[PDB]
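Read the structure below first, then the notes.
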Amino acid sequence: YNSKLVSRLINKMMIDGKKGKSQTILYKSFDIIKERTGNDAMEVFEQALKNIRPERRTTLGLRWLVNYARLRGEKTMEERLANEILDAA
Amino acid sequence: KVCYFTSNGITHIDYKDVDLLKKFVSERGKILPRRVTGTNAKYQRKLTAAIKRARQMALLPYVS
Amino acid sequence: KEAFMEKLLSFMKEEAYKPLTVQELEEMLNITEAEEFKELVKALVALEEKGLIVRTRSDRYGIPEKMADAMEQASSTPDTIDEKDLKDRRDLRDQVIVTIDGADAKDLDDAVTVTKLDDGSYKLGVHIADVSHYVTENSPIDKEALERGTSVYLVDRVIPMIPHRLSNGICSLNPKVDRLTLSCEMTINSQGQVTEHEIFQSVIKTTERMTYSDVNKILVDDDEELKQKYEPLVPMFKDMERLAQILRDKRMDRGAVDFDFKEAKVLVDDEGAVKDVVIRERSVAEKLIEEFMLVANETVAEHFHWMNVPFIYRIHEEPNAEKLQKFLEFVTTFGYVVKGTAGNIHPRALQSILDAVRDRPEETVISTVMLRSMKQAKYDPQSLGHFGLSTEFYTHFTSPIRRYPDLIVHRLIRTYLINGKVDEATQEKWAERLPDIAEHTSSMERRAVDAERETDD
RNA sequence: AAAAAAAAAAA
RNA sequence: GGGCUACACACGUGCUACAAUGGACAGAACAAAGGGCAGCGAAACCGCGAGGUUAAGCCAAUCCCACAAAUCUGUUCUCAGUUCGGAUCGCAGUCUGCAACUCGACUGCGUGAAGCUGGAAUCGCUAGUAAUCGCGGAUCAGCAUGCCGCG
RNA sequence: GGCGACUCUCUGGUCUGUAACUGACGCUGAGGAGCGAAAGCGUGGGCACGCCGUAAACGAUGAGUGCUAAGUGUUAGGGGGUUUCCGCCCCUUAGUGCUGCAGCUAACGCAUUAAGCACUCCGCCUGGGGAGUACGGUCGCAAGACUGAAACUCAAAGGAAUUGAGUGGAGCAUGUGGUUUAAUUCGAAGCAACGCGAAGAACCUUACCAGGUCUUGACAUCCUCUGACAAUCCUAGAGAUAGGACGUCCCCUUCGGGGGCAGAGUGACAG
């Protein structure tokens with residue numbers, strides 16, 4: 001998606017330097033978003049962020065997105081994150 | 001440590017026996033606590049009365 | 001008694017003298033009688049009290065040469081200037097000098113005078129409260145003023161940087177009373193260039209305390225009642241307006257970015273109940289004082305830059321090239337095309353956008369996205385320039401009652417210019433401390449702004 | 001990047 | 001012999017949890033640095049396993065240490081004090097020293113605990129900051145939540 | 001309610017005994033009686049002595065009895081077996097803590113000293129405010145104490161829990177504690193001491209103690225001296241401590257004698 005926001009979201013999701021896990025979650029989540037909406041995942045994601053200093057705005061946006069996604073009920077993180085983005089949007 | 005009186009089998013402490021009592025008073029003449037002399041509770045009490053009787057008859061000092 | 005004290009002092013002044021105990025002094029003086037020993041002890045105590053000898057931590061006597069508290073300080077500070085403090089200060093008490101502030105302001109930092117010269121240039125005097133005189137380095141109030149870093153202006157109250165007894169009293173440039181100042185006097189030509197300047201210590205006596213409201217009514221509303229009331233000052237106010245316009249035109253021609261955003265002002269009553277929420281307007285009188293404080297600040301910063309001594313600057317770095325690239329793409333959607341590249345934008349190119357969006361529906365948002373693309377200004381020991389003001393040299397000098405950086409600037413002025421102390425050890429001392437002071441005070445400023453906004457919201 | 005200030009500054 | 005390994009009852013400091021970005025449980029790997037002659041020790045090697053075993057090559061780009069792991073992959077478990085992660089306590093073997101008793105390491109093997117994220121504290125911050133994962137060596141009978149240097 | 005320097009005089013209660021006797025002779029007790037901080041009051045005193053009787057004197061757990069895991073101190077005795085004993089260690093009562101199961105609790109907790117499971121008896125409560133007030137009191141010397149309203153007013157009031165108003169904590173290490181000990185060696189004792197040592201406490205380390213000990217000693221400087229020094233098996237022991245057997249060659253001699261290892265004694269001293 002050639003997006004620094006995506007890359008930053010991956011870093012917020014990453015635990016114990018396990019960047020691969022977080023990359024996989026995000027790409028799978030973005031697939032779930034495309035399969036439900038039909039819209040481009042990136043477009044939905046940016047809409048989500050809009051609703052959630054400029055650098056600190058993104059920081060807080062991504063931090064909350066991830067923090068609340070983790071608290072959701074759905075079983076996998078890719079679905080939790082997808083649903084939190086879809087809700088945010 | 002061990003109780004002097006239970007050890008040596010001394011049932012009766014005597015206020016006249018100054019030399020014995022003097023083992024249980026400090027340099028200043030204060031009655032040494034049970035924890036420091038290893039004395040039995042039973043004999044601490046008998047000992048305390050003996051020392052006080054001794055002090056009264058000027059066998060031991062109140063204050064050195 | 002005195003002859004004995006002199007003899008003891010003479011003995012201790014000898015080149016071969018080493019710090020001795022009382023017993024070693026007894027032996028060395030051949031004191032054998034108990035009455036002479038008593039005299040020695042009395043002499044040592046009396047000489048130690050007078051500070052002519054010092055007892056060490058090892059009870060040896062030696063020659064010195066050869067070797068709540070903030071509120072107490074505030075309460076001990078005199079409410080009037082001492083005659084001794086007038087020494088080496090320029091007397092300006094007979095000049096027409098005014099303060100121009102908010103009606104509610106009690107902490108008056110700055111006073112101004114403008115004289116038009118025969119050649120058509122202007123002489124601008126900016127006279128700032130000499131807070132550095134009363135708040136000395138490492139004093140209880142100084143340590144607290146560092147910890148606070150700035151005054152905080154909440155909706156209903158002010159948390160002051162220094163105790164109110166000083167801020168509203170002897171430091172405030174109160175009307176028609178003698179006040180100590182650090183002054184910046186500037187000769188300014190018809191193009192707003194400072195041709196000559198002098199930074200010095202002075203004593204002033206303000207002619208009048210004016211308000212921004214009163215000065216606007218005189219200059220803009222053409223109010224005849226207020227002009228008659230302040231008739232002697234009206235000519236000076238008209239010359240101040242003209243000079244401020246010349247300085248503003250120069251600042252805008254240099255390519256400064258005029259960030260004129262509509263801010264809210266919450267209006268409360270004396271009980272702190274909310275009466276109204278209004279737009280904060282910047283009037284002609286505020287903008288006039290702004291230009292005078294700006295040129296004083298630039299002049300002081302430039303002077304110290306060329307002196308090449310450790311100093312504190314108010315810097316605003318170049319915008320982040322990626323954020324600015326996104327902004328340039330954004331304004332292109334509205335049909336605004338900017339001349340330049342994100343890695344080498346001149347401030348003037350951004351100002352040209354603000355001028356083009358003025359009175360347009362898209363103004364507020366282009367303005368807001370432009371701000372978000374800029375960096376925050378901060379304090380720094382390095383003169384890195386001030387992007388938003390389009391200047392190479394900028395510091396804060398003009399508000400030492402409420403900003404600790406200005407108080408430091410005043411101390412550095414006193415150290416380097418007035419006292420002439422430009423030695424290596426003095427420079428090293430300041431070069432070491434200024435980074436920490438700059439970081440801390442920049443942090444305290446952000447903390448204040450975040451709290452002020454939090455009370456507004 | 002539509003809702004914004006933070007930072008110009010105001011002072 | 002004992003104890004410093006108590007442990008009444010503190011702090012500093014260090015590891016293992018508070019799963020799912022993870023537990024099983026298979027399949028595919030990708031590291032550097034450091035060491036070895038009285039040794040380093042392969043195959044095959046006992047072994048449920050832990051240890052023994054005999055012996056090649058190397059005296060070190062030629063042998064051995066030596067298989068980095070984390071990770072990818074499906075199979076579960078499936079939000080459950082659990083397929084959370086591991087305490088503890090039975091009971092089971094293997095080494096070593098003089099002998100594991102106070103007071104070893106390891107595995108066999110039940111039990112599977114706490115814990116489902118700790119106020120004040122007091123830092124900093126993008127590649128392996130970091131954090132995770134390691135890994136080797138020293139030391140050294142035994143054996144590092146220590147430590148050193150290196151991935 | 002409360003009692004502490006000591007002695008004597010007079011006199012309560014309790015426990016362990018034990019088993020002789022008595023043979024249910026018991027229990028709770030409204031009333032009543034006495035006792036009852038302090039203070040106040042009263043008189044001679046700066047205390048005695050009377051009223052007055054309340055108080056976190058309820059003390060927020062009435063009294064008695066039976067039944068129902070534990071593990072440990074502390075006070076006073078008794079029983080047993082290493083034990084004269086000393087001294088440990090178990091068994092049992094009485095008092096007094098501590099941590100906990102059953103069960104019980106709204107929760108907090110209680111827990112054989114129950115707030116568990118039971119029986120008997122006595123005191124008490126049935127919203128709050130008004131109100132311990134009113135009023136008759138009754139007791140006093142008096143203050144008060146004592147008994148105890150209602151109209152009216154208000155949907156609440158109240159209890160517990162509550163959660164607020166990087167590292168910590170969860171589980172196991174370590175090091176200096178402290179404490180438990182005969183000894184638990186410390187230096188260091190922020191800095192480097194508090195994973196730190198020493199790069200490895202089972203042992204040695206290890207200091208320090210509890211015991212066995214030896215003594216130019218564990219051993220040197222010595223020396224003069226001479227046997228090499230010993231190895232080794234046996235005896236012991238926890239080994240030291242070694243005692244024996246047996247086994248030893250002085251190093252080197254221009255050969256005067258001086259000299260290994262030191263037997264050997266040596267002698268200030270050993271370290």
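Simple scheme: letters A, B, ... for chains in structure tokens order, numbers from 1 for residues in each chain, numbers from 1 for ligands in the order shown.
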
Quick one: everything within 10 Å of residue C:426, counting only C-alpha atoms (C1' of nucleotides), minus sequence neighbours fewer than 3 positions away in the same chain. Send it as a PyMOL selection string.
-> chain C and resi 309-310+415-416+421-423+429-431

Counting only C-alpha atoms (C1' of nucleotides), which residues of chain F come no farther than 9 Å from chain B, as a PDB file with N, CA, C and O atoms (P, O5', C5', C4', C3', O3' and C1' of nucleotides), in the first residue's frame?
```pdb
ATOM      1  P     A F   5       4.897  -0.387  93.332  1.00  0.00           P
ATOM      2  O5'   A F   5       6.392  -0.851  93.681  1.00  0.00           O
ATOM      3  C5'   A F   5       7.240  -1.351  92.590  1.00  0.00           C
ATOM      4  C4'   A F   5       8.646  -1.518  93.093  1.00  0.00           C
ATOM      5  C3'   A F   5       8.799  -2.333  94.377  1.00  0.00           C
ATOM      6  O3'   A F   5       8.966  -3.700  94.040  1.00  0.00           O
ATOM      7  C1'   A F   5       9.868  -0.235  94.639  1.00  0.00           C
ATOM      8  P     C F   6       7.985  -4.813  94.648  1.00  0.00           P
ATOM      9  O5'   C F   6       8.560  -4.953  96.139  1.00  0.00           O
ATOM     10  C5'   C F   6       9.967  -5.246  96.331  1.00  0.00           C
ATOM     11  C4'   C F   6      10.307  -5.065  97.786  1.00  0.00           C
ATOM     12  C3'   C F   6       9.397  -5.810  98.759  1.00  0.00           C
ATOM     13  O3'   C F   6       9.798  -7.165  98.894  1.00  0.00           O
ATOM     14  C1'   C F   6       9.637  -3.570  99.461  1.00  0.00           C
ATOM     15  P     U F  75       6.539 -18.495  78.721  1.00  0.00           P
ATOM     16  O5'   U F  75       5.241 -18.300  79.616  1.00  0.00           O
ATOM     17  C5'   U F  75       4.936 -17.040  80.262  1.00  0.00           C
ATOM     18  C4'   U F  75       3.755 -17.255  81.168  1.00  0.00           C
ATOM     19  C3'   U F  75       3.834 -18.518  82.024  1.00  0.00           C
ATOM     20  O3'   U F  75       4.662 -18.386  83.171  1.00  0.00           O
ATOM     21  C1'   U F  75       1.736 -18.424  81.004  1.00  0.00           C
ATOM     22  P     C F  85      15.924 -38.018  85.343  1.00  0.00           P
ATOM     23  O5'   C F  85      16.778 -36.861  84.626  1.00  0.00           O
ATOM     24  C5'   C F  85      16.376 -35.472  84.770  1.00  0.00           C
ATOM     25  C4'   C F  85      17.384 -34.746  85.625  1.00  0.00           C
ATOM     26  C3'   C F  85      17.672 -33.302  85.229  1.00  0.00           C
ATOM     27  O3'   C F  85      16.733 -32.402  85.794  1.00  0.00           O
ATOM     28  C1'   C F  85      19.698 -34.467  85.829  1.00  0.00           C
ATOM     29  P     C F  86      16.023 -31.293  84.876  1.00  0.00           P
ATOM     30  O5'   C F  86      17.288 -30.641  84.135  1.00  0.00           O
ATOM     31  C5'   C F  86      18.124 -29.721  84.888  1.00  0.00           C
ATOM     32  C4'   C F  86      19.370 -29.403  84.104  1.00  0.00           C
ATOM     33  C3'   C F  86      19.160 -28.922  82.669  1.00  0.00           C
ATOM     34  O3'   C F  86      18.842 -27.535  82.726  1.00  0.00           O
ATOM     35  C1'   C F  86      20.952 -30.512  82.796  1.00  0.00           C
ATOM     36  P     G F  87      18.791 -26.608  81.410  1.00  0.00           P
ATOM     37  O5'   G F  87      17.802 -27.412  80.448  1.00  0.00           O
ATOM     38  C5'   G F  87      17.704 -27.008  79.061  1.00  0.00           C
ATOM     39  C4'   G F  87      18.188 -28.126  78.169  1.00  0.00           C
ATOM     40  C3'   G F  87      17.085 -28.930  77.465  1.00  0.00           C
ATOM     41  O3'   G F  87      16.519 -28.333  76.301  1.00  0.00           O
ATOM     42  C1'   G F  87      18.556 -30.414  78.497  1.00  0.00           C
TER      43        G F  87
END
```

Nearest to chain C by atom-to-atom distance, counting only C-alpha atoms, from A:83, A:78, A:55, A:38 |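 Of A:83, A:78, A:55, A:38, the one nearest chain C, counting only C-alpha atoms, is A:55.
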
Stretch 129-140 of chain C surroundings by only C-alpha atoms (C1' of nucleotides), 9 Å radius, close-in-sequence under 6 positions cut, as a PyMOL selection string = chain C and resi 68-74+77+108-111+162+166-167+170-173+179-183+201-202+398-401+407-408+410-411+414

Which residues of chain A sit at most 6 Å from chain E, using only C-alpha atoms (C1' of nucleotides)? Give each one's shortest atom pair and distance in Å (one decimal place), in chain and ascending residue order, as JSON lines.
```
{"residue": "A:16", "atom": "CA", "partner": "E:132", "partner_atom": "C1'", "distance": 4.5}
{"residue": "A:17", "atom": "CA", "partner": "E:132", "partner_atom": "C1'", "distance": 5.4}
{"residue": "A:21", "atom": "CA", "partner": "E:21", "partner_atom": "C1'", "distance": 5.3}
{"residue": "A:22", "atom": "CA", "partner": "E:21", "partner_atom": "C1'", "distance": 5.8}
```

Might you pull out every residue within 7 Å of stretch 285-291 of chain C, with only C-alpha atoms (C1' of nucleotides) counted and same-chain residues fewer than 6 positions away left off, and present them as JSON, numbers by chain?
-> {"C": [212, 215, 216, 241, 244, 247, 248]}

Surrounding residues of residue C:344 excluding itself and chain neighbours under 2 positions, 12 Å, only C-alpha atoms (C1' of nucleotides), as a ChimeraX atom specification = /C:318-322,324-325,339-342,346-350,387

Using only C-alpha atoms (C1' of nucleotides), tabulate the residues of chain D lying at most 10 Å from any atom of chain A, each with its closest atom pair and that distance in Å to one decimal, by chain and increasing residue number, as JSON lines.
```
{"residue": "D:1", "atom": "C1'", "partner": "A:50", "partner_atom": "CA", "distance": 10.0}
{"residue": "D:2", "atom": "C1'", "partner": "A:50", "partner_atom": "CA", "distance": 9.4}
{"residue": "D:3", "atom": "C1'", "partner": "A:50", "partner_atom": "CA", "distance": 9.8}
{"residue": "D:5", "atom": "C1'", "partner": "A:53", "partner_atom": "CA", "distance": 8.1}
{"residue": "D:6", "atom": "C1'", "partner": "A:53", "partner_atom": "CA", "distance": 5.6}
{"residue": "D:7", "atom": "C1'", "partner": "A:53", "partner_atom": "CA", "distance": 9.0}
```

Wanna dump the chain C-chain D contacts at 7 Å for me, each residue with its shortest atom pair and the distance in Å to one decimal, counting only C-alpha atoms (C1' of nucleotides), ordered by chain and number, as a Markdown table?
```
| residue | atom | partner | partner_atom | distance |
| --- | --- | --- | --- | --- |
| C:257 | CA | D:8 | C1' | 6.8 |
| C:258 | CA | D:8 | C1' | 5.9 |
| C:259 | CA | D:8 | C1' | 4.7 |
| C:282 | CA | D:10 | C1' | 7.0 |
| C:330 | CA | D:1 | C1' | 5.9 |
| C:375 | CA | D:7 | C1' | 6.5 |
| C:376 | CA | D:7 | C1' | 4.4 |
| C:377 | CA | D:7 | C1' | 5.9 |
| C:388 | CA | D:8 | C1' | 6.4 |
```

Contacts of residue E:114 at 10 Å or less, counting only C-alpha atoms (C1' of nucleotides), minus same-chain residues fewer than 5 places along, as a PDB file with N, CA, C and O atoms (P, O5', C5', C4', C3', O3' and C1' of nucleotides), in the first residue's frame?
```
ATOM      1  P     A E  17       7.684 -16.815  29.856  1.00  0.00           P
ATOM      2  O5'   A E  17       6.220 -17.078  30.458  1.00  0.00           O
ATOM      3  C5'   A E  17       5.420 -15.958  30.911  1.00  0.00           C
ATOM      4  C4'   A E  17       4.384 -16.468  31.877  1.00  0.00           C
ATOM      5  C3'   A E  17       2.986 -15.860  31.758  1.00  0.00           C
ATOM      6  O3'   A E  17       2.170 -16.526  30.798  1.00  0.00           O
ATOM      7  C1'   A E  17       3.731 -15.610  33.949  1.00  0.00           C
ATOM      8  P     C E  18       2.044 -15.907  29.317  1.00  0.00           P
ATOM      9  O5'   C E  18       1.734 -14.366  29.640  1.00  0.00           O
ATOM     10  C5'   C E  18       0.363 -13.898  29.601  1.00  0.00           C
ATOM     11  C4'   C E  18      -0.341 -14.276  30.881  1.00  0.00           C
ATOM     12  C3'   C E  18      -1.682 -13.567  31.115  1.00  0.00           C
ATOM     13  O3'   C E  18      -2.746 -14.521  31.120  1.00  0.00           O
ATOM     14  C1'   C E  18      -0.050 -12.942  32.800  1.00  0.00           C
ATOM     15  P     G E  81     -11.276 -19.912  33.240  1.00  0.00           P
ATOM     16  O5'   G E  81      -9.753 -20.422  33.259  1.00  0.00           O
ATOM     17  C5'   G E  81      -9.367 -21.422  34.235  1.00  0.00           C
ATOM     18  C4'   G E  81      -7.870 -21.402  34.392  1.00  0.00           C
ATOM     19  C3'   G E  81      -7.307 -22.334  35.477  1.00  0.00           C
ATOM     20  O3'   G E  81      -6.316 -23.226  34.982  1.00  0.00           O
ATOM     21  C1'   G E  81      -6.384 -20.153  35.664  1.00  0.00           C
ATOM     22  P     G E  86       7.163 -20.708  30.815  1.00  0.00           P
ATOM     23  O5'   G E  86       7.210 -20.507  32.404  1.00  0.00           O
ATOM     24  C5'   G E  86       7.689 -21.600  33.234  1.00  0.00           C
ATOM     25  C4'   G E  86       6.952 -21.588  34.545  1.00  0.00           C
ATOM     26  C3'   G E  86       6.987 -22.905  35.326  1.00  0.00           C
ATOM     27  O3'   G E  86       8.130 -22.937  36.171  1.00  0.00           O
ATOM     28  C1'   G E  86       4.746 -22.217  35.026  1.00  0.00           C
ATOM     29  P     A E  87       8.370 -24.146  37.203  1.00  0.00           P
ATOM     30  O5'   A E  87       7.700 -23.560  38.532  1.00  0.00           O
ATOM     31  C5'   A E  87       8.113 -22.262  39.035  1.00  0.00           C
ATOM     32  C4'   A E  87       7.300 -21.955  40.261  1.00  0.00           C
ATOM     33  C3'   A E  87       7.377 -23.001  41.372  1.00  0.00           C
ATOM     34  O3'   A E  87       8.517 -22.767  42.187  1.00  0.00           O
ATOM     35  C1'   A E  87       5.124 -22.520  40.919  1.00  0.00           C
TER      36        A E  87
ATOM     37  P     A F 170       2.591  -9.849  43.962  1.00  0.00           P
ATOM     38  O5'   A F 170       1.704  -9.900  42.622  1.00  0.00           O
ATOM     39  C5'   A F 170       0.545 -10.782  42.537  1.00  0.00           C
ATOM     40  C4'   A F 170       0.832 -11.900  41.569  1.00  0.00           C
ATOM     41  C3'   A F 170       1.939 -12.878  41.961  1.00  0.00           C
ATOM     42  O3'   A F 170       1.440 -13.889  42.819  1.00  0.00           O
ATOM     43  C1'   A F 170       2.301 -12.147  39.762  1.00  0.00           C
ATOM     44  P     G F 171       2.413 -14.545  43.919  1.00  0.00           P
ATOM     45  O5'   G F 171       3.434 -15.389  43.014  1.00  0.00           O
ATOM     46  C5'   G F 171       3.102 -16.761  42.674  1.00  0.00           C
ATOM     47  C4'   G F 171       4.243 -17.385  41.916  1.00  0.00           C
ATOM     48  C3'   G F 171       5.577 -17.511  42.650  1.00  0.00           C
ATOM     49  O3'   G F 171       5.593 -18.654  43.497  1.00  0.00           O
ATOM     50  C1'   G F 171       5.897 -16.762  40.401  1.00  0.00           C
TER      51        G F 171
END
```

Might you pull out every residue within 6 Å of residue A:89, with only C-alpha atoms (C1' of nucleotides) counted and same-chain residues fewer than 2 positions away left off, and present them as a PDB file with N, CA and C atoms, in the first residue's frame?
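Ended up saving to part.pdb:
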```pdb
ATOM      1  N   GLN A  47     -10.145   6.696   6.257  1.00  0.00           N
ATOM      2  CA  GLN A  47     -11.423   7.196   6.764  1.00  0.00           C
ATOM      3  C   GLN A  47     -11.522   6.879   8.257  1.00  0.00           C
ATOM      4  N   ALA A  48     -11.098   5.665   8.627  1.00  0.00           N
ATOM      5  CA  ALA A  48     -11.097   5.239  10.022  1.00  0.00           C
ATOM      6  C   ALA A  48     -10.257   6.206  10.861  1.00  0.00           C
ATOM      7  N   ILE A  85     -11.499  -0.976  12.385  1.00  0.00           N
ATOM      8  CA  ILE A  85     -11.320  -0.031  11.279  1.00  0.00           C
ATOM      9  C   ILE A  85     -12.686   0.238  10.654  1.00  0.00           C
ATOM     10  N   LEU A  86     -13.433  -0.835  10.368  1.00  0.00           N
ATOM     11  CA  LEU A  86     -14.738  -0.679   9.732  1.00  0.00           C
ATOM     12  C   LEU A  86     -15.658   0.173  10.610  1.00  0.00           C
ATOM     13  N   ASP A  87     -15.585  -0.018  11.938  1.00  0.00           N
ATOM     14  CA  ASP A  87     -16.377   0.797  12.862  1.00  0.00           C
ATOM     15  C   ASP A  87     -15.872   2.239  12.842  1.00  0.00           C
TER      16      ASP A  87
END
```

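When only C-alpha atoms are used to compute distances to residue C:118, the closest of the residues C:373, C:189, C:367, C:395 turns out to be C:189.
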
What does the distance between atom CA of residue A:69 and atom CA of residue A:5 come to in Å, to one decimal place?
-> 16.6 Å

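The space separating atom CA of residue C:293 from atom CA of residue C:102 comes to 15.6 Å.
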